[PDB]
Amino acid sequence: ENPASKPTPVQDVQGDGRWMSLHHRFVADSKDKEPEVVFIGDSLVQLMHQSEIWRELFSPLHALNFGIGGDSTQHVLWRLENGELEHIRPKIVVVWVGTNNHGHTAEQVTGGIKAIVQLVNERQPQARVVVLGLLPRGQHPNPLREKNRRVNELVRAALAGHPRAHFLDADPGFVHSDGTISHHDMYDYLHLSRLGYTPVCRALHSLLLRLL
């Protein structure tokens, strides 16, 4: 069926086993901690923890960050089903993944995200789910901008009538009038700089504060 919603771990074709190492760390974190909020997704989530905005806006909320660079929807789904949602009872799970699903249509990526929300609703039914919209990327207009926008429209429409799932477009307007993204916001036109993270995290923090 939909490869975006078929749970699968990242196969190690390099040899150092770092993906499974991260997964195991997160499992241990869930086993030993009692977060009120769990963040899971790709490098947008992962690198948020590395910024000094984390220990500022998010640490006081009692949170765990399970972001892994390069993850697609199916990888996040597999992680959630294989230990990372065990031994905890968070009030909120934040999801940010989908921009890495290369080779999957926007419809498929949307199905991947919906699979993740459904899994969380099953395993942690008391939890509210926040899904962040996929960010634009590339220095100039390109097909991935359109893909990610289309995903955001389909995802938004899917969660509209789901009153415990909240769609948050955290994009302050990275794409300028001339169709460009500034390296000041995204140093490689994909990953957020400290400056690009500010308005993103500000928007997320507000929503988390409202819901909490």
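One rule holds for the numbers: they count along the sequence shown, beginning at 1.
- As recorded in the PDB entry, 201-209 is the stretch of 201-209 and 3-11 with the greater mean C-alpha temperature factor.
- With 38-46 and 152-160 compared on mean CA B-factor from the PDB entry, the stretch scoring higher is 152-160.
- In this structure the maximum Cα B-factor among 68, 165, 144, 186 is found at 165.
- Remark: residue 191 belongs to the lowest third of its chain, ranked by C-alpha B-factor as recorded.
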